[PDB]
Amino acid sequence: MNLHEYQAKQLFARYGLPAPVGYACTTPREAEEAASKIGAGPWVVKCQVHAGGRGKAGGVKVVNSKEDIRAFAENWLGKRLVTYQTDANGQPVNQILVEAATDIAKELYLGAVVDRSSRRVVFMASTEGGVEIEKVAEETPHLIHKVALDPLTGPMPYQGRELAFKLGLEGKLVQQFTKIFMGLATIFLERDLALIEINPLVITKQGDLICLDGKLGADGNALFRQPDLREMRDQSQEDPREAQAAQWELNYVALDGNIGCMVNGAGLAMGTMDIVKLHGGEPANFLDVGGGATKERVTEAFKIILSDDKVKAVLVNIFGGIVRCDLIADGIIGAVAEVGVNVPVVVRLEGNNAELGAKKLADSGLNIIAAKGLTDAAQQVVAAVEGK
């Protein structure tokens, strides 16, 4: 689960980490009024969307008149921002972060993730701030420094200094860097973060470390014990169908194609998509039924999948699960009738009563082919969109 920059910064504040003076405003009026609360211009106004690359899309500007803050807020509030990290549809700007201008002397990068290969939370620091960290990892690997949090001891100050000295920091900046590391590592552990990215972590002309930006990722699996983060969820930043599917115990992820996929199992889901791909198809989505395929669940699945116009056929691949193949067929039938599915539906069924459920599908009359095996299923759904 992603947080907004303003939220990450509130959090940083809460942990004594340095971030610009700023306020998240929801109206042009609040935004222009925040200028004076901040002080002397110029001020930085930033759209608050979960995606990055807001800069290159004009959502971040340094203005020097209240009249400008206002114009900016007016231009963006309620509008959707499209960055290279959002789909073509962009993310809604409901807050404009208005902060004090910062005097950048140098730009560093400091971030952390759970490294699956070493099974540790790993902090990463680079003098290559302001740049996409992946790019720096690609090209100048020797400029990225890392430390692994020891699960037995918690973050240790020497790790912060290690990074500080490798960044060539010195003097008070080392102590300051260490503080930031210790607190970010503390936040990481205590809020069950999945990711922290400060890009850029800035050394100001006045010679102080400051978090110019902040990107926090929380572990969704830990939200049950993170009430604060739980409330910070901004649903508007994601395709609503995702949260929609989730209440229904479905995992939905919209894609580009026109062949809807409904499968039980994430692995089978991805694999199904790939097979539709292998057979010249174009998967419109990932939808993992995973929770018992009850009739209503399937109905929901269909509503969610078909809520996308590009969908010109739906492949249903169900291997096993809790419900028997005939009950699954009835639900597909019932969902296709009810939801008024106007598209061809190919179904692959494996398990008890696979054939009886196939028969039930064939005898429905509805445009639902019962495939005989997965390869077949694919070819048939692919074929079923040819022309459509």
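By rigid core we mean the largest C-alpha set that fits within 1.5 Å across both forms. Note that residue numbering follows the sequence shown and begins at 1.
Displacement analysis by core superposition in 6 other deposited structures of this protein ranks 286-294 above the other of 286-294 and 217-225 in root-mean-square C-alpha distance from the shown form. When the mean C-alpha temperature factors of 150-158 and 242-250 are read from the deposited coordinates, 242-250 comes out higher.
As recorded in the PDB entry, 299-307 is the stretch of 189-197 and 299-307 with the greater mean C-alpha temperature factor. Listed residues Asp219, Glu134, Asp234, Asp115 were ranked by CA B-factor as deposited; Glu134 comes out on top.
Out of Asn258, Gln175, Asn94, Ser126, it is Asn258 whose C-alpha atom has the highest B-factor in the PDB entry. In the deposited entry, the Cα temperature factor of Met1 sits in the bottom third of values across the chain's modelled residues.
Split the chain's modelled residues into thirds by C-alpha temperature factor. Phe286 is in the lowest one. Among all modelled residues in its chain, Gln226 ranks in the lowest third by Cα B-factor.
Among the modelled residues of the chain, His279 sits in the highest third by CA temperature factor in this PDB entry.
Ranked against the other modelled residues of its chain, the C-alpha B-factor of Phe165 as given in the entry falls in the lowest third.
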